[PDB]
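Source file: final.pdb (PDB, C-alpha atoms (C1' of nucleotides))
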ATOM      1  CA  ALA A   1       5.481  51.749 -33.060  1.00  0.00           C
ATOM      2  CA  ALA A   2       4.629  52.169 -29.363  1.00  0.00           C
ATOM      3  CA  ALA A   3       3.451  55.760 -28.983  1.00  0.00           C
ATOM      4  CA  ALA A   4       1.563  57.970 -26.532  1.00  0.00           C
ATOM      5  CA  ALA A   5      -1.450  59.754 -28.022  1.00  0.00           C
ATOM      6  CA  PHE A   6      -1.579  62.478 -25.341  1.00  0.00           C
ATOM      7  CA  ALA A   7       0.610  62.592 -22.217  1.00  0.00           C
ATOM      8  CA  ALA A   8      -0.576  64.914 -19.459  1.00  0.00           C
ATOM      9  CA  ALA A   9       1.208  65.741 -16.187  1.00  0.00           C
ATOM     10  CA  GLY A  10       4.895  66.428 -15.558  1.00  0.00           C
ATOM     11  CA  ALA A  11       6.038  62.782 -15.803  1.00  0.00           C
ATOM     12  CA  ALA A  12       9.137  61.106 -14.307  1.00  0.00           C
ATOM     13  CA  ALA A  13       9.494  60.315 -10.595  1.00  0.00           C
ATOM     14  CA  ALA A  14      11.867  61.235  -7.778  1.00  0.00           C
ATOM     15  CA  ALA A  15      11.668  57.733  -6.264  1.00  0.00           C
ATOM     16  CA  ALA A  16      14.470  56.578  -8.560  1.00  0.00           C
ATOM     17  CA  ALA A  17      17.642  57.563  -6.710  1.00  0.00           C
TER      18      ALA A  17
ATOM     19  CA  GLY B   1     -18.116  97.437   2.987  1.00  0.00           C
ATOM     20  CA  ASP B   2     -14.672  98.873   3.470  1.00  0.00           C
ATOM     21  CA  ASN B   3     -13.040  98.954   6.898  1.00  0.00           C
ATOM     22  CA  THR B   4     -12.719 102.426   8.386  1.00  0.00           C
ATOM     23  CA  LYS B   5      -9.150 103.395   9.282  1.00  0.00           C
ATOM     24  CA  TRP B   6      -8.007  99.895   8.336  1.00  0.00           C
ATOM     25  CA  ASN B   7      -4.366 100.896   7.849  1.00  0.00           C
ATOM     26  CA  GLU B   8      -4.379 103.053  10.995  1.00  0.00           C
ATOM     27  CA  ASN B   9      -5.619 100.145  13.146  1.00  0.00           C
ATOM     28  CA  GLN B  10      -3.663  97.124  11.868  1.00  0.00           C
ATOM     29  CA  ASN B  11      -1.164  97.096  14.723  1.00  0.00           C
ATOM     30  CA  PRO B  12       2.252  95.567  13.897  1.00  0.00           C
ATOM     31  CA  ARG B  13       2.372  93.677  17.208  1.00  0.00           C
ATOM     32  CA  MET B  14      -0.566  91.599  16.001  1.00  0.00           C
ATOM     33  CA  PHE B  15       1.358  90.954  12.795  1.00  0.00           C
ATOM     34  CA  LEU B  16       4.255  89.760  14.944  1.00  0.00           C
ATOM     35  CA  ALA B  17       1.875  87.409  16.762  1.00  0.00           C
ATOM     36  CA  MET B  18       0.531  86.039  13.470  1.00  0.00           C
ATOM     37  CA  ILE B  19       4.056  85.480  12.143  1.00  0.00           C
ATOM     38  CA  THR B  20       5.188  83.770  15.343  1.00  0.00           C
ATOM     39  CA  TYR B  21       2.152  81.479  15.263  1.00  0.00           C
ATOM     40  CA  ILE B  22       2.675  80.735  11.564  1.00  0.00           C
ATOM     41  CA  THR B  23       6.375  79.994  12.121  1.00  0.00           C
ATOM     42  CA  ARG B  24       5.666  77.549  14.953  1.00  0.00           C
ATOM     43  CA  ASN B  25       8.066  74.575  14.939  1.00  0.00           C
ATOM     44  CA  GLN B  26      10.085  76.177  12.126  1.00  0.00           C
ATOM     45  CA  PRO B  27      13.848  76.690  12.457  1.00  0.00           C
ATOM     46  CA  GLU B  28      14.627  79.555  14.803  1.00  0.00           C
ATOM     47  CA  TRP B  29      16.506  81.457  12.093  1.00  0.00           C
ATOM     48  CA  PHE B  30      13.423  81.332   9.857  1.00  0.00           C
ATOM     49  CA  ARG B  31      11.287  82.652  12.711  1.00  0.00           C
ATOM     50  CA  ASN B  32      13.783  85.485  13.132  1.00  0.00           C
ATOM     51  CA  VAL B  33      13.789  86.363   9.436  1.00  0.00           C
ATOM     52  CA  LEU B  34       9.997  86.487   9.346  1.00  0.00           C
ATOM     53  CA  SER B  35       9.534  88.307  12.672  1.00  0.00           C
ATOM     54  CA  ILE B  36      12.116  91.077  12.189  1.00  0.00           C
ATOM     55  CA  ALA B  37       9.867  93.205   9.976  1.00  0.00           C
ATOM     56  CA  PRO B  38       6.954  93.481  12.455  1.00  0.00           C
ATOM     57  CA  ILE B  39       9.463  94.309  15.206  1.00  0.00           C
ATOM     58  CA  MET B  40      10.932  97.173  13.178  1.00  0.00           C
ATOM     59  CA  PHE B  41       7.493  98.436  12.142  1.00  0.00           C
ATOM     60  CA  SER B  42       6.299  98.390  15.757  1.00  0.00           C
ATOM     61  CA  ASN B  43       9.216 100.764  16.454  1.00  0.00           C
ATOM     62  CA  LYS B  44       8.862 102.713  13.214  1.00  0.00           C
ATOM     63  CA  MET B  45       9.016 106.477  12.818  1.00  0.00           C
ATOM     64  CA  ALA B  46       7.228 108.720  10.334  1.00  0.00           C
ATOM     65  CA  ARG B  47       8.943 111.611   8.618  1.00  0.00           C
ATOM     66  CA  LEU B  48       6.748 114.691   8.479  1.00  0.00           C
ATOM     67  CA  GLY B  49       7.716 115.849   4.997  1.00  0.00           C
ATOM     68  CA  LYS B  50       8.533 119.093   3.229  1.00  0.00           C
ATOM     69  CA  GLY B  51       7.191 121.268   6.039  1.00  0.00           C
TER      70      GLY B  51
ATOM     71  CA  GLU C   1      54.537  61.032 -15.841  1.00  0.00           C
ATOM     72  CA  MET C   2      52.134  59.291 -18.191  1.00  0.00           C
ATOM     73  CA  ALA C   3      49.501  60.545 -20.621  1.00  0.00           C
ATOM     74  CA  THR C   4      46.936  59.249 -23.082  1.00  0.00           C
ATOM     75  CA  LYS C   5      48.461  57.280 -25.971  1.00  0.00           C
ATOM     76  CA  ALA C   6      51.878  58.030 -24.417  1.00  0.00           C
ATOM     77  CA  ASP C   7      51.769  61.554 -25.895  1.00  0.00           C
ATOM     78  CA  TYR C   8      53.156  64.333 -23.697  1.00  0.00           C
ATOM     79  CA  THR C   9      53.286  67.092 -26.358  1.00  0.00           C
ATOM     80  CA  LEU C  10      56.252  68.603 -24.505  1.00  0.00           C
ATOM     81  CA  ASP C  11      60.017  68.664 -24.838  1.00  0.00           C
ATOM     82  CA  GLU C  12      61.856  66.261 -22.551  1.00  0.00           C
ATOM     83  CA  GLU C  13      63.481  69.165 -20.698  1.00  0.00           C
ATOM     84  CA  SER C  14      60.157  70.865 -19.911  1.00  0.00           C
ATOM     85  CA  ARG C  15      58.679  67.675 -18.464  1.00  0.00           C
ATOM     86  CA  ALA C  16      61.925  67.129 -16.563  1.00  0.00           C
ATOM     87  CA  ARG C  17      61.607  70.618 -15.078  1.00  0.00           C
ATOM     88  CA  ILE C  18      57.993  69.965 -14.065  1.00  0.00           C
ATOM     89  CA  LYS C  19      58.846  66.631 -12.445  1.00  0.00           C
ATOM     90  CA  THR C  20      61.837  68.163 -10.657  1.00  0.00           C
ATOM     91  CA  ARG C  21      59.636  70.962  -9.306  1.00  0.00           C
ATOM     92  CA  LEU C  22      57.145  68.370  -8.057  1.00  0.00           C
ATOM     93  CA  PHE C  23      59.929  66.366  -6.410  1.00  0.00           C
ATOM     94  CA  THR C  24      61.381  69.491  -4.783  1.00  0.00           C
ATOM     95  CA  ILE C  25      58.033  70.531  -3.307  1.00  0.00           C
ATOM     96  CA  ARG C  26      57.611  66.947  -2.109  1.00  0.00           C
ATOM     97  CA  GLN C  27      60.972  67.059  -0.340  1.00  0.00           C
ATOM     98  CA  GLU C  28      60.300  70.480   1.200  1.00  0.00           C
ATOM     99  CA  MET C  29      56.896  69.353   2.476  1.00  0.00           C
ATOM    100  CA  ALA C  30      58.442  66.167   3.878  1.00  0.00           C
ATOM    101  CA  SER C  31      61.016  68.359   5.622  1.00  0.00           C
ATOM    102  CA  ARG C  32      57.975  70.048   7.147  1.00  0.00           C
ATOM    103  CA  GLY C  33      56.828  66.539   8.091  1.00  0.00           C
ATOM    104  CA  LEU C  34      53.223  66.810   6.854  1.00  0.00           C
ATOM    105  CA  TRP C  35      53.646  64.399   3.908  1.00  0.00           C
ATOM    106  CA  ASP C  36      51.511  61.864   5.760  1.00  0.00           C
ATOM    107  CA  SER C  37      49.025  64.642   6.552  1.00  0.00           C
ATOM    108  CA  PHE C  38      48.652  65.381   2.834  1.00  0.00           C
ATOM    109  CA  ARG C  39      47.903  61.656   2.381  1.00  0.00           C
ATOM    110  CA  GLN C  40      44.548  62.252   4.132  1.00  0.00           C
ATOM    111  CA  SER C  41      41.519  64.000   2.639  1.00  0.00           C
ATOM    112  CA  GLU C  42      38.017  63.554   4.034  1.00  0.00           C
ATOM    113  CA  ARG C  43      34.858  63.487   1.935  1.00  0.00           C
ATOM    114  CA  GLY C  44      33.274  66.614   3.383  1.00  0.00           C
ATOM    115  CA  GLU C  45      32.700  68.279   6.753  1.00  0.00           C
ATOM    116  CA  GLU C  46      29.710  70.257   5.477  1.00  0.00           C
ATOM    117  CA  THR C  47      27.540  71.130   8.484  1.00  0.00           C
ATOM    118  CA  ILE C  48      27.047  74.889   8.064  1.00  0.00           C
ATOM    119  CA  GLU C  49      23.520  75.426   9.363  1.00  0.00           C
ATOM    120  CA  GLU C  50      21.862  78.707   8.405  1.00  0.00           C
ATOM    121  CA  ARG C  51      22.004  80.895  11.536  1.00  0.00           C
TER     122      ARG C  51
ATOM    123  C1'   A D   1      -5.216  68.097 -18.151  1.00  0.00           C
ATOM    124  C1'   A D   2      -2.068  71.668 -15.899  1.00  0.00           C
ATOM    125  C1'   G D   3       0.707  76.181 -16.725  1.00  0.00           C
ATOM    126  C1'   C D   4       2.863  83.038 -13.757  1.00  0.00           C
ATOM    127  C1'   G D   5      11.401  84.917 -12.430  1.00  0.00           C
ATOM    128  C1'   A D   6      17.444  81.642 -12.027  1.00  0.00           C
ATOM    129  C1'   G D   7      21.659  76.258 -11.753  1.00  0.00           C
ATOM    130  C1'   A D   8      26.167  71.469 -12.197  1.00  0.00           C
ATOM    131  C1'   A D   9      30.670  70.490 -10.309  1.00  0.00           C
ATOM    132  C1'   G D  10      38.254  73.209  -9.211  1.00  0.00           C
ATOM    133  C1'   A D  11      41.889  69.974  -7.076  1.00  0.00           C
ATOM    134  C1'   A D  12      42.288  64.241  -5.947  1.00  0.00           C
ATOM    135  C1'   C D  13      40.694  59.508  -3.199  1.00  0.00           C
ATOM    136  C1'   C D  14      48.246  41.658   6.680  1.00  0.00           C
ATOM    137  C1'   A D  15      49.529  39.126   9.130  1.00  0.00           C
ATOM    138  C1'   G D  16      51.755  33.094  10.486  1.00  0.00           C
ATOM    139  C1'   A D  17      54.642  31.220  15.625  1.00  0.00           C
ATOM    140  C1'   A D  18      56.165  26.499  16.452  1.00  0.00           C
ATOM    141  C1'   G D  19      56.947  22.949  19.950  1.00  0.00           C
ATOM    142  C1'   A D  20      55.854  20.730  24.487  1.00  0.00           C
ATOM    143  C1'   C D  21      52.729  19.666  28.401  1.00  0.00           C
ATOM    144  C1'   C D  22      47.993  19.542  30.990  1.00  0.00           C
ATOM    145  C1'   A D  23      42.754  19.338  31.423  1.00  0.00           C
ATOM    146  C1'   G D  24      38.267  18.057  28.652  1.00  0.00           C
ATOM    147  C1'   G D  25      33.982  16.436  24.965  1.00  0.00           C
ATOM    148  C1'   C D  26      33.039  13.151  21.720  1.00  0.00           C
TER     149        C D  26
END
Could you render the structure from this file as structure tokens?
Amino acid sequence: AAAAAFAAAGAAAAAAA
Amino acid sequence: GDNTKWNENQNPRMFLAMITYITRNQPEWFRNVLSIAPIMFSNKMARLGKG
Amino acid sequence: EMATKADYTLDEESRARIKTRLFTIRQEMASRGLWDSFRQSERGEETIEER
RNA sequence: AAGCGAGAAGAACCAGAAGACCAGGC
């Protein structure tokens, strides 16, 4: 179903705490 | 060009000045840790060798 | 004492010995008067700056 | 697209008056 063709960068985020 | 007598002329007191400037506003302990080496080198001694 | 699913996996006498030892240390510490002191435990006094 | 040394959590952690009287606003 929902899929990412090509994901660059490290991803995630430190804002969530 | 190369620099003639580069190693012989790079005084360690200038390295201390560069470190102190670079470590401006840093915690005093960090300044100490970075500045100790130039201090010791400025007071270094050279062994002669075998003889 | 109390455990998961009410299973202690020990003979009654062994658990009795453990509970008696706990009670004895409790009474000795109370004799020392710090029972209320043991009732206090702070989160953390972590302020060790790197010097 | 980037890409030049390693991590994870022992122990255990609230308070009443009530009654009378007086002054006072509405």
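Atom to atom, CA of residue 27 in chain C and CA of residue 10 in chain C stand 24.7 Å apart.
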Would you kindly report the residues of chain D within 12 Å of chain A, using only C-alpha atoms (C1' of nucleotides), as a PDB file with C-alpha atoms (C1' of nucleotides), in the frame of the given file?
ATOM      1  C1'   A D   1      -5.216  68.097 -18.151  1.00  0.00           C
ATOM      2  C1'   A D   2      -2.068  71.668 -15.899  1.00  0.00           C
ATOM      3  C1'   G D   3       0.707  76.181 -16.725  1.00  0.00           C
TER       4        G D   3
END
Can you check which residues of chain C have any atom within 12 Å of chain B? Use only C-alpha atoms and format it as a tab-separated table (two decimals) with C-alpha atoms, keeping the file's coordinate frame.
chain	number	residue	atom	x	y	z
C	49	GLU	CA	23.52	75.43	9.36
C	50	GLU	CA	21.86	78.71	8.40
C	51	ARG	CA	22.00	80.90	11.54
Q: Could you tell me how far CA of residue 25 in chain B lies from CA of residue 12 in chain B, in Å and to one decimal?
A: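 So the answer is 21.8 Å.
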Q: Have a look at CA of residue 38 in chain C and CA of residue 23 in chain C and let me know their distance in Å, one decimal.
A: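 CA of residue 23 in chain C lies at a distance of 14.6 Å from CA of residue 38 in chain C.
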Kindly add N, CA, C and O atoms to the incomplete range 14-35 of chain B and provide the output as an mmCIF file, in the coordinates of the input.
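Result file is rebuild-v2.cif:
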data_model
loop_
_atom_site.group_PDB
_atom_site.id
_atom_site.type_symbol
_atom_site.label_atom_id
_atom_site.label_comp_id
_atom_site.auth_asym_id
_atom_site.auth_seq_id
_atom_site.Cartn_x
_atom_site.Cartn_y
_atom_site.Cartn_z
ATOM 1 N N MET B 14 0.276 92.709 16.422
ATOM 2 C CA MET B 14 -0.566 91.599 16.001
ATOM 3 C C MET B 14 0.037 90.877 14.810
ATOM 4 O O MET B 14 -0.042 89.650 14.719
ATOM 5 N N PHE B 15 0.673 91.613 13.899
ATOM 6 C CA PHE B 15 1.358 90.954 12.795
ATOM 7 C C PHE B 15 2.507 90.099 13.306
ATOM 8 O O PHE B 15 2.754 89.002 12.791
ATOM 9 N N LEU B 16 3.220 90.580 14.326
ATOM 10 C CA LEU B 16 4.255 89.760 14.944
ATOM 11 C C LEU B 16 3.663 88.487 15.531
ATOM 12 O O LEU B 16 4.246 87.405 15.400
ATOM 13 N N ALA B 17 2.513 88.598 16.202
ATOM 14 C CA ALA B 17 1.875 87.409 16.762
ATOM 15 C C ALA B 17 1.485 86.421 15.670
ATOM 16 O O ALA B 17 1.697 85.211 15.812
ATOM 17 N N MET B 18 0.910 86.918 14.574
ATOM 18 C CA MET B 18 0.531 86.039 13.470
ATOM 19 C C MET B 18 1.750 85.348 12.876
ATOM 20 O O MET B 18 1.705 84.152 12.570
ATOM 21 N N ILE B 19 2.846 86.085 12.692
ATOM 22 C CA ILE B 19 4.056 85.480 12.143
ATOM 23 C C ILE B 19 4.599 84.425 13.095
ATOM 24 O O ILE B 19 4.981 83.327 12.671
ATOM 25 N N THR B 20 4.645 84.731 14.392
ATOM 26 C CA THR B 20 5.188 83.770 15.343
ATOM 27 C C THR B 20 4.342 82.505 15.373
ATOM 28 O O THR B 20 4.877 81.393 15.442
ATOM 29 N N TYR B 21 3.017 82.651 15.329
ATOM 30 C CA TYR B 21 2.152 81.479 15.263
ATOM 31 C C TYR B 21 2.376 80.697 13.975
ATOM 32 O O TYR B 21 2.441 79.463 13.989
ATOM 33 N N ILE B 22 2.497 81.401 12.848
ATOM 34 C CA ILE B 22 2.675 80.735 11.564
ATOM 35 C C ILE B 22 4.005 79.996 11.526
ATOM 36 O O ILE B 22 4.106 78.898 10.966
ATOM 37 N N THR B 23 5.043 80.581 12.116
ATOM 38 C CA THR B 23 6.375 79.994 12.121
ATOM 39 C C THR B 23 6.598 79.071 13.313
ATOM 40 O O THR B 23 7.745 78.864 13.721
ATOM 41 N N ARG B 24 5.527 78.520 13.879
ATOM 42 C CA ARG B 24 5.666 77.549 14.953
ATOM 43 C C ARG B 24 6.345 76.288 14.439
ATOM 44 O O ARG B 24 6.019 75.781 13.363
ATOM 45 N N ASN B 25 7.300 75.784 15.218
ATOM 46 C CA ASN B 25 8.066 74.575 14.939
ATOM 47 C C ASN B 25 9.064 74.759 13.804
ATOM 48 O O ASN B 25 9.811 73.823 13.502
ATOM 49 N N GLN B 26 9.106 75.923 13.165
ATOM 50 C CA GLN B 26 10.085 76.177 12.126
ATOM 51 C C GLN B 26 11.454 76.452 12.738
ATOM 52 O O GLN B 26 11.567 76.735 13.933
ATOM 53 N N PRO B 27 12.516 76.363 11.940
ATOM 54 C CA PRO B 27 13.848 76.690 12.457
ATOM 55 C C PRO B 27 13.892 78.109 12.999
ATOM 56 O O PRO B 27 13.287 79.027 12.444
ATOM 57 N N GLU B 28 14.629 78.280 14.096
ATOM 58 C CA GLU B 28 14.627 79.555 14.803
ATOM 59 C C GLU B 28 15.080 80.687 13.891
ATOM 60 O O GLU B 28 14.565 81.808 13.978
ATOM 61 N N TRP B 29 16.046 80.419 13.011
ATOM 62 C CA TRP B 29 16.506 81.457 12.093
ATOM 63 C C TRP B 29 15.388 81.900 11.154
ATOM 64 O O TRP B 29 15.263 83.091 10.846
ATOM 65 N N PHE B 30 14.565 80.959 10.686
ATOM 66 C CA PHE B 30 13.423 81.332 9.857
ATOM 67 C C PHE B 30 12.440 82.200 10.631
ATOM 68 O O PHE B 30 11.920 83.195 10.103
ATOM 69 N N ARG B 31 12.162 81.832 11.885
ATOM 70 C CA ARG B 31 11.287 82.652 12.711
ATOM 71 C C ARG B 31 11.844 84.058 12.844
ATOM 72 O O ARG B 31 11.099 85.040 12.777
ATOM 73 N N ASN B 32 13.159 84.172 13.032
ATOM 74 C CA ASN B 32 13.783 85.485 13.132
ATOM 75 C C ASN B 32 13.584 86.276 11.847
ATOM 76 O O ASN B 32 13.164 87.440 11.875
ATOM 77 N N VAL B 33 13.850 85.643 10.703
ATOM 78 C CA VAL B 33 13.789 86.363 9.436
ATOM 79 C C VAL B 33 12.374 86.863 9.195
ATOM 80 O O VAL B 33 12.168 87.969 8.682
ATOM 81 N N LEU B 34 11.375 86.061 9.563
ATOM 82 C CA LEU B 34 9.997 86.487 9.346
ATOM 83 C C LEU B 34 9.532 87.513 10.373
ATOM 84 O O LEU B 34 8.729 88.389 10.037
ATOM 85 N N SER B 35 10.010 87.429 11.613
ATOM 86 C CA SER B 35 9.534 88.307 12.672
ATOM 87 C C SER B 35 10.258 89.643 12.747
ATOM 88 O O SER B 35 9.780 90.541 13.448
#
